[PDB]
Amino acid sequence: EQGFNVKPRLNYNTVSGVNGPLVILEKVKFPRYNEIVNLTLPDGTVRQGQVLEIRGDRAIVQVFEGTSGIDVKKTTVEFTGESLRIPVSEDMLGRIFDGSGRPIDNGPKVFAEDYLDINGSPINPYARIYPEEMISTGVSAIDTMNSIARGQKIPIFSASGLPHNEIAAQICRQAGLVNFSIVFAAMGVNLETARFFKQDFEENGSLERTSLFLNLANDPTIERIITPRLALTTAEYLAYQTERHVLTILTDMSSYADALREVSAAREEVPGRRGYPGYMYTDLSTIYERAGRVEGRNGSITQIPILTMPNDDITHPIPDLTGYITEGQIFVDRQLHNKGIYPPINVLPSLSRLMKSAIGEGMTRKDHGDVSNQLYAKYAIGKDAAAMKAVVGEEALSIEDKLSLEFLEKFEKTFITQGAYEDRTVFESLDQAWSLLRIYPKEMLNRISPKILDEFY
Amino acid sequence: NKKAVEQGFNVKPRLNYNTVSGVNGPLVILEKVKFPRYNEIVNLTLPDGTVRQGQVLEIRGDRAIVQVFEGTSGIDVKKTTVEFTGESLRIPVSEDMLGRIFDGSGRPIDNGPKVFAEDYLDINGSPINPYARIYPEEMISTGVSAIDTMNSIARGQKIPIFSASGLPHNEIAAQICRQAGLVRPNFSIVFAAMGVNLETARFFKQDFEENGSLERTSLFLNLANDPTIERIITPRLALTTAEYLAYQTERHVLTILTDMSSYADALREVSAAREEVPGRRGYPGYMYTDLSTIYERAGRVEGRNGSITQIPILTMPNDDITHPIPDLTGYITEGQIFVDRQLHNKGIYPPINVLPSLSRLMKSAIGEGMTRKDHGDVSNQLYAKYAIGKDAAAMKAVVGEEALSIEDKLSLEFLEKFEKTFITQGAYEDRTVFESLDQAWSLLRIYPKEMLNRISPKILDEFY
Amino acid sequence: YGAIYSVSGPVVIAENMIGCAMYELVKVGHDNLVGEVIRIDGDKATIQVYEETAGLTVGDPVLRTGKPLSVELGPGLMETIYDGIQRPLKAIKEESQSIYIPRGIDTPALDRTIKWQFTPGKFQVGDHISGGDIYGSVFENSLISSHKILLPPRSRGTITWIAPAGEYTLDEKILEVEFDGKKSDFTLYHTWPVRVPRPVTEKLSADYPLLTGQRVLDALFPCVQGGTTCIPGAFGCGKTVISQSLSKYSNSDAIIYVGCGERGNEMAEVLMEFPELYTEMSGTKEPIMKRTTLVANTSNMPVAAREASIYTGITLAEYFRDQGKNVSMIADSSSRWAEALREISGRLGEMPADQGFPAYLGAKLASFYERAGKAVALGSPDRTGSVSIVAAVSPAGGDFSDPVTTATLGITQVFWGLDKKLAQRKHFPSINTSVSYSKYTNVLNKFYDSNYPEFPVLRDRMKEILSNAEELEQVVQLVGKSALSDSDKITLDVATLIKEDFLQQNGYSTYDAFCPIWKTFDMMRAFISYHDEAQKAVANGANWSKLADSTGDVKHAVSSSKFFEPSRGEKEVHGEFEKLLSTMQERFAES
Amino acid sequence: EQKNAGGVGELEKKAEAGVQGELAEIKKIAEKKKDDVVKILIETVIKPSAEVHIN
Amino acid sequence: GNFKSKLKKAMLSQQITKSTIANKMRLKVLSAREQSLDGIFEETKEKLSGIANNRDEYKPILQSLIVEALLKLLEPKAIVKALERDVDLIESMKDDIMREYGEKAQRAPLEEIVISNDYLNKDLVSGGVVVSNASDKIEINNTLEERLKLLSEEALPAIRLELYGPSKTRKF
Ligand SMILES: Nc1ncnc2c1ncn2[C@@H]1O[C@H](COP(=O)(O)OP(=O)(O)O)[C@@H](O)[C@H]1O
Ligand SMILES: [Mg+2]
């Protein structure tokens with residue numbers, strides 16, 4: 001029967017500083033760290049904020065909606081006394097929310113079933129279940145070469161202008177086991193991308209089980225910090241307290257990390273590479289590590305954080321640290337997109353740490369792992385031999401290298417290439433992969449085990 | 001008549017501050033100031049009696065940070081007296097400047113009298129109203145084929161010369177000054193030397209004397225041994241003299257800003273002395289703004305018969321155009337003339353590489369009335385065929401001469417007869433635009449009429 | 001009234017200034033320099049003054065205006081030039097009798113002496129009127145006729161009094177609204193803060209293409225009316241002439257030409273040339289300048305005013321979108337806007353982030369480009385305007401790895417990458433076909449199926465030809481052209497033909513100044529049919545060298561398709577292209 | 001296909017018929033539990049919570 | 001191909017027509033609960049105004065609200081802002097309030113409790129006080145309307161559990 005308790009809040013009107021996205025108070029009474037405040041502008045509009053740091057009396061507050069128009073004399077900051085709690089409900093599925101969790105679907109405020117903290121609590125590693133249930137994404141380059149297990153944090157690394165939105169929408173549309181709830185978290189995407197995702201979910205019938213948290217480019221930039229946490233605590237609710245299978249589709253984590261850099265730069269902190277906060281690894285781990293299955297629950301959080309490599313560079317801090325936390329990646333290649341391959345997934349930098357567990361040995365088929373290994377080996381040989389043939393002519397390339405060039409052509413053109421709305425079952429993709437591998441003689445196929453090779457070639 | 005000078009007869013006493021709180025690098029942090037101006041130029045007196053000028057760069061409450069042009073060596077906190085003039089840096093300008101030689105700080109090193117000032121103008125100037133501008137449509141026939149036919153200089157253009165350390169950039173700009181004239185009928189050059197050596201300064205001064213230009217030129221010589229901080233204000237003083245002459249006296253002024261690379265180097269040194277942004281390659285993030293405040297003082301204005309044409313001589317640090325100084329200068333100015341080491345080592349003079357060069361005011365000032373009707377088409381076709389020649393030379397060096405097609409062989413022949421005959425001139429041979437266009441049409445007649453795909457059919461029928 | 005405490009370049013920290021809001025506008029100094037508060041550290045309020053700062057003393061007064069940077073919207077701007085803070089440069093020149101921009105000049109943004117012919121709208125006394133509703137129209141000029149006088153957004157209520165038809169100036173009352181018992185008086189103009197985007201009922205997916213006029217831009221990488229665009233490139237690449245040739249010959253009902261960090265000579269060229277140019281819209285040959293307003297911020301003008309110029313131009317574009325005109329705002333250099341932001345940040349002492357550009361640069365660029373888009377206007381009657389933002393990024397050193405270029409590529413949908421290799425050798429437009437892309441290709445399929453059904457197929461074929469030739473040339477530069485097959489020879493020859501005749505379009509020649517969509521489509525038909533005929537005739541067994549020697553006439557006829565003047569008309573030009581194809585098949589059949 | 005697409009209004013009416021079923025239950029629950037919920041809210045609002053901060 | 005694409009577009013536009021109708025009917029149900037919820041708070045606001053009008057049981061309530069706000073401020077001086085109706089009661093119980101703050105906070109009693117000349121809005125505020133800092137900077141809107149708003153924001157899950165049964169699909 002808790003909740004029936006009123007605790008009056010301290011309006012302050014003691015603002016002492018506005019340095020970019022931050023607001024500094026001066027006479028807070030026992031300031032609480034990571035506390036949510038409600039700034040009341042001189043115009044009367046209310047902007048929420050989060051206490052980022054505290055001193056004996058000061059409290060640096062980051063305003064989510066931006067600090068434009070914040071006066072120093074007529075601005076009153078009201079301390080709620082608790083970290084940001086989003087009102088979650090089972091009826092929250094099917095609605096569209098702003099970057100701060102406020103509905104924007106012309107509907108009522110979500111009728112709270114419980115108030116969950118955005119940061120949540122760290123799941124006990126002993127309480128986690130190893131995700132060993134493959135998801136058939138329909139895409140050949142993912143179902144065959146980098147498999148996704150139900151409960152995996154596998155991002156999509158795609159530069160600007162690549163169809164990462166289309167690939168992720170395809171994955172959401174067709175993500176059955178070899179129905180999913182979707183918690184889509186737009187962070188800084190343009191209205192075109194937001195409309196694309198919303199309309200695709202509506203056309204595929206996913207709005208009945210999708211909760212979109214849209215924070216567009218027009219929306220304020222400090223709300224990019226808050227949007228993924230709201231989406232992920234919604235997913236954690238739906239998957240652990242209601243035992244659903246959730247597919248969190250956080251997009252533009254590069255935009256989220258840019259918001260982090262903007263917040264960090266206003267605090268004059270010690271920066272990391274390219275100016276990003278030194279604790280960006282910690283923040284990205286806090287966001288990405290909210291995926292997987294727990295013992296008592298029959299639900300899961302599959303995480304596919306779309307990520308925009310700023311200059312198609314893996315070495316950039318955002319893709320690097322994400323690779324570090326996430327367990328895999330789906331590398332979308334600008335070169336493949338220019339060649340016209342869809343999906344332009346480059347299978348060499350792409351990886352899936354849970355493929356070896358979720359693939360093969362009766363889970364999908366006996367040949368899945370060996371076929372994927374052989375495909376990766378032959379694609380790498382083809383790329384290296386194509387570079388060698390371009391540099392030192394075709395004489396350097398041997399018979400195996402010429403065969404690898406032919407395989408690479410027929411592999412990019414026929415295996416990787418897959419139009420949207422085309423569901424390639426893992427078995428069909430494996431059959432196509434074997435047809436690709438039959439270009440080589442039985443002897444030249446190296447990584448294929450002799451038993452599988454005899455049984456399938 | 002002129003009521004501006006009426007306010008001149010006024011005495012404004014200057015506060016003498018002994019309160020030099022601190023000195024660091026090129027800056028002196030001076031406290032207890034009574035209402036510091038933001039850009040006042042102060043007369044700082046050393047204990048040894050030396051007087052160095054400095055201008056405040058930042059002003060806190062009763063505190064002004066002065067950067068001194070000569071440098072802070074020898075400055076003391078007990079004895080150095082700083083006399084705030086209360087006004088920004090103003091150069092005494094008059095028509096008597098024409099024919100005189102001035103130092104980097106505007107003081108006359110000509111062994112003559114101080115300028116009998118006709119007016120005092122702030123060296124920083126003011127941006128010209130874009131509505132007051134007139135687009136330069138009057139072509140200048142500099143006598144150089146590469147600069148008159150391929151490119152084209154209109155009168156109020158900003159057209160630098162991009163060169164390297166050893167290239168004859170000084171000789172080419174000296175050739176332009178002694179041959180510059182309106183294509184369809186005199187320039188009062190204003191020369192600004194920043195960080196150049198005594199050899200270059202003497203070369204330019206003697207060239208003006210030989211050509212007879214020194215009667216109408218003002219020289220602002222800031223040699224390599226002169227203070228580096230005043231390389232900032234030397235182009236401002238020269239361009240304020242040019243603005244005065246042109247817009248007020250109704251003169252046509254050539255402005256030669258030699259070693260804008262050295263100007264940008266002084267700018268970078270000053271910026272790095274402070275805790276400022278590094279932009280690219282260490283140059284300040286506002287280097288675009290500063291170089292623009294320099295360059296965009298040129299042009300023509302409405303209602304006045306004067307104009308300013310700028311030829312900032314620029315030294316490329318590693319012969320690359322992607323360096324910050326050449327890149328920002330190309331972004332700001334209305335073209336560039338590219339002196340090439342690959343041609344200088346080939347022996348061509350002028351060693352102007354045409355492909356990297358550009359003149360944004362060729363569309364205007366090229367036409368049926370301003371010049372011959374074929375000029376634009378001929379220039380475009382020559383550019384295309386020169387590039388085909390460069391590509392054919394590379395392909396010849398790779399796969400031998402035999403593999404080249406008929407078009408490639410024709411293009412190599414055109415490249416040879418273009419670099420050796422069209423670009424190449426004597427140091428004192430001035431070629432009229434029509435002469436250079438006739439030579440260009442011969443070089444195009446090397447090609448068959450069919451391959452000349454750039455020329456409009458009417459022009460090709462009337463000129464091939 | 002505060003007092004100046006610290007002055008350092010474009011930033012001015014002002015003391016004794018309690019009560020100043022963020023991004024408010026203050027009149028710093030005795031000349032009333034326009035400024036904007038960036039920080040409020042206690043009573044100090046750091047101000048970015050939008051004018052030259054030299055001459056400001058400690059203790060100078062700083063008035064608090066109480067309102068943010070507000071661009072003044074209304075009839076009058078159509079054919080004007082502004083100074084970033086929306087100071088009419090013509091009025092400045094007439095008032096000051098000088099050629100310079102005086103410091104702190106306070107000329108009205110919209111001329112008040114001009115009398116405007118107001119015609120009342122459908123709204124009458126007693127009708128409830130909301131934000132954006134058109135309560136009247138005024139005839140501005142022969143091209144922008146019926147300049148719809150919109151009720152300001154955020155203003156609602158019932159019409160107590162509406163002025164009848166007649167002649168009014170901007171100061172005169174036009175309409176009176178009573179809301180919650182408080183009468184509000186409305187005039188022909190209204191100010192709108194530049195920072196806050198103008199509201200719309202609902203933004204739409206843009207479907208109609210913005211016809212640039214350039215052949216490559218129209219065909220290979222099209223842009224829709226309401227789509228964010230980007231033209232990165234080095235100096236001399238042609239990103240300013242593309243902007244000008246898009247502001248002259250596009251189908252946009254209005255143009256907002258914004259120059260940030262550009263030469264004043266460029267804006268002077270626009271002023272001299274646009275009146276002499278004419279457009280066929282509205283059923284008569286009206287001058288182009290009658291539909292384009294200019295926001296001129298020369299590169300030597302104050303640094304802080306470049307953001308003001310960008311925001312003023314985009315708010316003008318949004319206002320005309322709210323009126324219902326398919327406007328396209330053309331920022332001359334978002335790169336120089338970014339450089340101005342970096343200079344202000346460095347003066348502020350903020351953390352450098354990437355290359356010194358402040359960490360909020362990507363967010364600000366994303367917001368500014370999100371201002372674009374086809375949208376249904378806020379108020380009734382229903383109308384669907386558009387703002388097609390086409391901003392020419394200018395990366396330092398001609399390298400597309402700059403943070404501003406990367407952020408702009410992330411936010412925009414059309415990338416018109418310029419190559420300086422093609423900028424040299426006078427191959428204009430210098431669009432790099434390899435790296436350039438347009439994400440509106442798919443959404444333009446409706447327009448293409450309606451008007452030119454084969455156009456997407458032809459552009460796909462042209463892209464395939466160009467890519468194949470790029471690969472073949474990369475091979476040839478190393479291993480010679482002897483080993484190529486006849487099909488590869490045809491591919492290279494026809495791609496050289498395409499690059500030298502179709503893709504390259506001289507923007508200052510009479511024939512190729514404006515290549516309309518029908519002429520471009522016919523030219524694609526000619527080139528693709530020539531390639532297909534050559535491929536078929538060689539596949540039949542003809543030797544390519546002899547075939548080319550024979551069909552040089554057809555090849556030169558195709559290469560001379562540029563010179564077909566679009567002024568001859570759609571029918572006459574199409575007749576000339578129809579005979580070209582017939583003369584092409586017969587010659588290839590004969591050989 | 002366009003002819004088969006007809007019937008949106010009938011579909012809307014059918015959907016509203018199902019919604020009307022739940023609205024009756026919502027109204028009944030509100031009318032039944034209004035007294036208890038209001039009593040609890042009033043007691044909580046007027047209840048004294050005088051206490052100083054822990055720190 | 002055009003006919004197949006048109007059929008797919010018509011099929012896709014068929015699902016959207018059912019989806020939009022489904023979402024609108026589902027949001028009508030959700031807005032019904034919020035309308036029923038707002039009826040409770042509207043009825044609660046009327047009942048709260050009844051407690052303030054008693055003037056006999058309000059004094060124990062009114063004194064508690066000031067002490068509850070005073071204990072949060074923890075300062076020796078305050079500026080109580082009450083309705084023009086309640087000023088007499090506040091002046092009557094000033095001494096008791098000061099003693100209670102001195103006793104409930106384990107600190108020397110309140111130095112002074114000023115009643116501001118400015119008063120709360122009669123229509124907007126049903127009852128309570130707004131205790132503010134001695135400098136009038138830090139204030140506590142301890143009014144009955146503000147307390148009801150805080151309760152409506154906080155106890156919403158408890159209100160849901162009281163009205164409706166626990167969610168069927170909430171295992172943990
Ligand atoms: N499409 C074109 N047609 C004709 N000339 C062009 C074209 N594009 C560029 N040029 C030439 O290049 C010069 C510089 O181009 P500009 O518009 O200044 O590009 P940027 O602003 O990127 O330097 C122009 O003066 C013009 O003469
Ligand atoms: Mg330009």
# chains A, B, ... in the order shown; residues from 1 in each chain; ligands from 1

$ residues_around --residues "residue 151 (chain C)" --least-positions-apart "2" --cutoff "9 Å" --atoms "only C-alpha atoms" --output "ChimeraX atom specification"
/C:129-135,149,153-156,186,190,379

$ residues_near_ligand --ligand "ligand 1" --cutoff "10 Å" --atoms "only C-alpha atoms and all ligand atoms" --output "short mmCIF file (atom, residue, chain, number, x, y, z; two decimals) with N, CA and C atoms, in the first residue's frame"
data_model
loop_
_atom_site.label_atom_id
_atom_site.label_comp_id
_atom_site.auth_asym_id
_atom_site.auth_seq_id
_atom_site.Cartn_x
_atom_site.Cartn_y
_atom_site.Cartn_z
N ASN B 151 43.22 32.08 -67.01
CA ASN B 151 42.54 32.83 -65.98
C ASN B 151 42.34 34.27 -66.47
N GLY B 330 42.46 30.35 -50.54
CA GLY B 330 41.64 30.01 -51.68
C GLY B 330 40.16 30.10 -51.39
N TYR B 331 39.75 29.74 -50.17
CA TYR B 331 38.35 29.88 -49.80
C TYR B 331 37.93 31.35 -49.77
N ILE B 332 38.79 32.23 -49.26
CA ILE B 332 38.42 33.63 -49.11
C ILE B 332 38.51 34.37 -50.43
N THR B 333 39.68 34.33 -51.06
CA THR B 333 39.93 35.13 -52.25
C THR B 333 39.12 34.61 -53.43
N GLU B 334 39.10 35.41 -54.50
CA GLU B 334 38.31 35.13 -55.69
C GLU B 334 39.12 34.42 -56.76
N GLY B 335 40.06 33.60 -56.36
CA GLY B 335 40.87 32.83 -57.28
C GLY B 335 42.24 32.59 -56.69
N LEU B 358 42.87 29.55 -60.75
CA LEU B 358 41.46 29.86 -60.84
C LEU B 358 41.28 31.37 -60.78
N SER B 359 40.25 31.86 -61.47
CA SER B 359 39.81 33.25 -61.34
C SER B 359 38.29 33.24 -61.31
N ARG B 360 37.71 33.58 -60.16
CA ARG B 360 36.26 33.55 -60.03
C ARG B 360 35.58 34.69 -60.78
N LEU B 361 36.34 35.70 -61.22
CA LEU B 361 35.79 36.79 -62.01
C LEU B 361 36.18 36.68 -63.49
N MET B 362 36.15 35.48 -64.04
CA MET B 362 36.36 35.30 -65.47
C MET B 362 35.05 35.30 -66.25
N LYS B 363 34.01 34.66 -65.71
CA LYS B 363 32.66 34.68 -66.28
C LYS B 363 32.28 36.11 -66.65
N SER B 364 32.20 36.98 -65.65
CA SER B 364 32.21 38.40 -65.91
C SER B 364 33.62 38.81 -66.33
N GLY B 376 35.98 32.56 -73.35
CA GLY B 376 35.55 31.57 -72.37
C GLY B 376 35.65 30.15 -72.90
N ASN B 380 38.15 27.19 -71.51
CA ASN B 380 37.66 25.89 -71.05
C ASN B 380 38.26 24.75 -71.85
N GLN C 214 20.82 21.59 -63.09
CA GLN C 214 22.02 20.87 -63.46
C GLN C 214 21.67 19.43 -63.84
N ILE C 231 26.60 20.05 -50.06
CA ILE C 231 27.52 20.17 -51.18
C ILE C 231 28.94 20.35 -50.65
N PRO C 232 29.56 19.33 -50.08
CA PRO C 232 30.95 19.48 -49.62
C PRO C 232 31.90 19.59 -50.80
N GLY C 233 33.04 20.23 -50.55
CA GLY C 233 34.06 20.34 -51.58
C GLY C 233 35.07 21.39 -51.18
N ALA C 234 36.20 21.38 -51.88
CA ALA C 234 37.25 22.36 -51.65
C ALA C 234 36.87 23.68 -52.30
N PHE C 235 37.79 24.64 -52.29
CA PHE C 235 37.57 25.93 -52.93
C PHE C 235 37.71 25.77 -54.44
N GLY C 236 36.86 26.47 -55.18
CA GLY C 236 36.83 26.34 -56.62
C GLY C 236 36.11 25.12 -57.13
N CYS C 237 35.52 24.31 -56.25
CA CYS C 237 34.81 23.12 -56.69
C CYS C 237 33.50 23.48 -57.39
N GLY C 238 32.86 24.57 -56.97
CA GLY C 238 31.64 25.01 -57.60
C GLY C 238 30.43 24.93 -56.69
N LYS C 239 30.65 24.87 -55.39
CA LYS C 239 29.56 24.78 -54.43
C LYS C 239 28.82 26.10 -54.25
N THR C 240 29.37 27.21 -54.74
CA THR C 240 28.66 28.48 -54.74
C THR C 240 27.90 28.71 -56.04
N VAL C 241 28.45 28.31 -57.18
CA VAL C 241 27.74 28.39 -58.45
C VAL C 241 26.63 27.36 -58.54
N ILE C 242 26.78 26.19 -57.93
CA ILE C 242 25.67 25.26 -57.80
C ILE C 242 24.55 25.87 -56.98
N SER C 243 24.90 26.52 -55.87
CA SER C 243 23.90 27.20 -55.05
C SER C 243 23.21 28.32 -55.83
N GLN C 244 23.98 29.11 -56.57
CA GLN C 244 23.40 30.19 -57.37
C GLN C 244 22.59 29.65 -58.54
N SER C 245 23.08 28.63 -59.23
CA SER C 245 22.34 28.03 -60.33
C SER C 245 21.13 27.24 -59.86
N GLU C 262 31.05 34.22 -46.73
CA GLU C 262 31.27 34.28 -48.17
C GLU C 262 31.76 35.67 -48.56
N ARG C 263 32.33 35.75 -49.75
CA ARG C 263 32.81 37.02 -50.27
C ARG C 263 31.65 37.96 -50.54
N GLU C 266 30.42 37.98 -54.12
CA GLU C 266 29.44 36.99 -54.53
C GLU C 266 28.02 37.52 -54.38
N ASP C 332 25.17 29.39 -47.72
CA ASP C 332 26.38 29.37 -48.53
C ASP C 332 27.49 28.56 -47.88
N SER C 333 27.61 28.60 -46.55
CA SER C 333 28.64 27.78 -45.90
C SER C 333 28.23 27.47 -44.46
N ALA C 392 25.97 24.45 -48.55
CA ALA C 392 27.24 24.07 -49.14
C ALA C 392 28.30 24.01 -48.05
N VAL C 393 28.57 22.80 -47.55
CA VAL C 393 29.67 22.61 -46.62
C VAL C 393 30.99 22.83 -47.35
N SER C 394 31.96 23.42 -46.65
CA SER C 394 33.26 23.76 -47.21
C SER C 394 34.34 23.19 -46.30
N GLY C 398 39.76 20.40 -48.39
CA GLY C 398 39.10 19.54 -49.36
C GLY C 398 38.97 18.10 -48.92
N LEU C 418 31.79 17.09 -54.05
CA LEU C 418 32.55 17.71 -55.12
C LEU C 418 34.00 17.24 -55.07
N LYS C 420 37.86 18.01 -56.31
CA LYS C 420 38.67 19.10 -56.82
C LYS C 420 39.43 18.69 -58.07
N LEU C 422 38.01 17.17 -60.58
CA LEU C 422 37.08 17.63 -61.61
C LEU C 422 36.80 19.12 -61.51
N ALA C 423 37.05 19.74 -60.36
CA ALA C 423 36.96 21.20 -60.26
C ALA C 423 38.02 21.86 -61.11
N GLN C 424 39.26 21.40 -61.00
CA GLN C 424 40.27 21.68 -62.01
C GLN C 424 39.80 21.10 -63.34
N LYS C 426 38.22 22.33 -65.46
CA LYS C 426 36.92 22.90 -65.81
C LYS C 426 35.90 21.82 -66.18
N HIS C 427 35.83 20.78 -65.36
CA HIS C 427 34.76 19.78 -65.48
C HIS C 427 33.63 20.09 -64.51
N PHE C 428 32.84 21.10 -64.82
CA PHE C 428 31.77 21.45 -63.91
C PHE C 428 30.42 20.99 -64.45
N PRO C 429 29.50 20.58 -63.56
CA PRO C 429 29.69 20.47 -62.11
C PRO C 429 30.66 19.36 -61.74
N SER C 430 31.45 19.59 -60.69
CA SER C 430 32.50 18.68 -60.29
C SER C 430 32.00 17.57 -59.37
N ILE C 431 30.71 17.23 -59.47
CA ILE C 431 30.12 16.23 -58.60
C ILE C 431 30.88 14.92 -58.72
N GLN C 504 28.90 16.88 -67.33
CA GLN C 504 29.47 18.21 -67.30
C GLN C 504 28.52 19.20 -67.96
N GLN C 505 28.14 20.24 -67.21
CA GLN C 505 27.19 21.23 -67.69
C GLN C 505 27.74 22.61 -67.36
N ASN C 506 28.15 23.35 -68.39
CA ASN C 506 28.65 24.70 -68.18
C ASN C 506 27.51 25.60 -67.72
N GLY C 507 27.68 26.21 -66.56
CA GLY C 507 26.66 27.04 -65.95
C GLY C 507 26.60 28.47 -66.43
N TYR C 508 27.48 28.87 -67.34
CA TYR C 508 27.51 30.25 -67.83
C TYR C 508 27.30 30.33 -69.34
N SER C 509 26.97 29.22 -69.99
CA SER C 509 26.66 29.20 -71.41
C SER C 509 25.15 29.23 -71.59
N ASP C 512 23.42 25.58 -71.78
CA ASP C 512 23.49 24.72 -70.61
C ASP C 512 23.42 25.51 -69.30
N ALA C 513 22.92 26.74 -69.35
CA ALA C 513 22.68 27.48 -68.12
C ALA C 513 21.62 26.79 -67.27
#

$ interface_residues --of "chain D" --to "chain E" --cutoff "9 Å" --atoms "only C-alpha atoms" --output "ChimeraX atom specification"
/D:1-2,5,8,11-12,15-16,18-20,22-23,26-27,29-39,41-42,44-53

$ select_by_dssp --residues "region 22-167 of chain E" --states "alpha helix (DSSP H)" --output "PyMOL selection string"
chain E and resi 22-54+58-73+87-92+94-104+144-154+156-163

$ residues_around --residues "region 216-226 of chain C" --least-positions-apart "2" --cutoff "6 Å" --atoms "only C-alpha atoms" --output "PyMOL selection string"
chain C and resi 206+208-210+214+373-374+386-388+437-438+459+503

$ write_last_selection --atoms "N, CA and C atoms" --output "JSON list (two decimals), in the first residue's frame"
[["chain", "number", "residue", "atom", "x", "y", "z"],
["C", 206, "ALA", "N", 8.36, 14.46, -48.35],
["C", 206, "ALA", "CA", 8.47, 15.22, -49.59],
["C", 206, "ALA", "C", 8.51, 14.27, -50.78],
["C", 208, "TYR", "N", 7.72, 15.69, -54.37],
["C", 208, "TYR", "CA", 8.01, 16.39, -55.61],
["C", 208, "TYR", "C", 9.46, 16.85, -55.64],
["C", 209, "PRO", "N", 10.16, 16.63, -56.75],
["C", 209, "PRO", "CA", 11.59, 16.95, -56.80],
["C", 209, "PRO", "C", 11.87, 18.43, -56.96],
["C", 210, "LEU", "N", 12.95, 18.87, -56.33],
["C", 210, "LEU", "CA", 13.47, 20.22, -56.51],
["C", 210, "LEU", "C", 14.36, 20.21, -57.74],
["C", 214, "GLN", "N", 20.82, 21.59, -63.09],
["C", 214, "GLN", "CA", 22.02, 20.87, -63.46],
["C", 214, "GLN", "C", 21.67, 19.43, -63.84],
["C", 373, "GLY", "N", 11.89, 20.51, -44.57],
["C", 373, "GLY", "CA", 10.85, 19.51, -44.73],
["C", 373, "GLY", "C", 9.56, 20.09, -45.28],
["C", 374, "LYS", "N", 8.89, 19.30, -46.11],
["C", 374, "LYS", "CA", 7.56, 19.64, -46.58],
["C", 374, "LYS", "C", 6.56, 19.47, -45.45],
["C", 386, "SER", "N", 7.09, 24.00, -48.26],
["C", 386, "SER", "CA", 8.30, 23.19, -48.13],
["C", 386, "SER", "C", 9.50, 24.10, -47.97],
["C", 387, "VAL", "N", 10.51, 23.60, -47.25],
["C", 387, "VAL", "CA", 11.79, 24.27, -47.10],
["C", 387, "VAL", "C", 12.87, 23.28, -47.50],
["C", 388, "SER", "N", 13.43, 23.46, -48.69],
["C", 388, "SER", "CA", 14.50, 22.58, -49.15],
["C", 388, "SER", "C", 15.85, 23.18, -48.82],
["C", 437, "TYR", "N", 25.52, 10.63, -53.24],
["C", 437, "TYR", "CA", 24.33, 9.80, -53.13],
["C", 437, "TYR", "C", 23.12, 10.69, -52.92],
["C", 438, "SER", "N", 21.95, 10.13, -53.19],
["C", 438, "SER", "CA", 20.68, 10.80, -52.93],
["C", 438, "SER", "C", 19.70, 9.77, -52.40],
["C", 459, "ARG", "N", 18.74, 6.41, -65.13],
["C", 459, "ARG", "CA", 19.77, 6.84, -64.18],
["C", 459, "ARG", "C", 20.50, 5.64, -63.57],
["C", 503, "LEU", "N", 27.15, 14.75, -67.97],
["C", 503, "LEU", "CA", 27.40, 15.12, -66.58],
["C", 503, "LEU", "C", 27.96, 16.53, -66.46]]
